[PDB]
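Heads up, the authors' numbering is the position in the first sequence plus 106, with the first residue counted as 1.
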Amino acid sequence: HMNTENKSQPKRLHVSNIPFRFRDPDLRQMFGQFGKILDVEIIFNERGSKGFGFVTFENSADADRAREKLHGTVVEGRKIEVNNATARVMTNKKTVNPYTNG
RNA sequence: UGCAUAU
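The structure is reproduced here in structure tokens:
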């Protein structure tokens, strides 16, 4: 009996040029039409909620296609960007070993 | 408030 975990897995997609009005539900309706959304982020600033964010798909299966369909769309008249995010950290902690053989 | 990676 081995680990037998899932394959597609959640991704953080960055979203940009979006109107100043867009929040959690306004971003997630735009991607969640293809599959399912877990969590959604909008960069938190001194002005309040910003015209820039991220979306957390349930699985890469819809995260891949969704960014492909949404990138180059002009939501609320603003040609957007969508790509895979940096998430929390760029200093990966998942695994380590003293050797590098095999 | 058009500030653009996770102030």
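A virtual CB, placed ideally from N, CA and C, is assigned to each residue, including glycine.
Residue of the options minimising C-alpha distance to residue i
i, options, result
"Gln115", "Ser166, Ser155 and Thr192", "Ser166"
"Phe140", "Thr110, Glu174, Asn151 and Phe126", "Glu174"
Own chain partners of residue i with C-beta closer than 7 Å, once the 5 adjacent residues on each side are dropped
i, result
"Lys117", "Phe163, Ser166, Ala169 and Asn190"
Backbone CA spacing between residue i and residue j [nearest angstrom]
i, j, result
"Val195", "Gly183", "32 Å"
"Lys200", "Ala193", "14 Å"
"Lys156", "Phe150", "7 Å"
"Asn203", "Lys142", "36 Å"
"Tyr205", "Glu111", "26 Å"
"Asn207", "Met108", "24 Å"
"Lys113", "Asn198", "20 Å"
"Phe128", "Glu152", "16 Å"
Same chain, Cβ closer than 6 Å to residue i, five either side skipped, listed in chain order
i, result
"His177", "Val188"
8 Å CB neighbourhood of residue i in its chain, flanking five on each side removed
i, result
"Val180", "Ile186"
"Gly154", "none"
Cβ distance (whole Å) where residue i is taken to contact residue j below 8 Å
i, j, result
"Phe137", "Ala172", "5 Å"
The region 126-135 in contact with the region 155-172 per 3-pair CB rule at 8 Å: Yes, since at least three Cβ pairs between the region 126-135 and the region 155-172 fall closer than 8 Å, the two stretches touch.
The region 120-129 touching the region 139-157, judged by at least three CB pairs closer than 8 Å: Yes, they touch.
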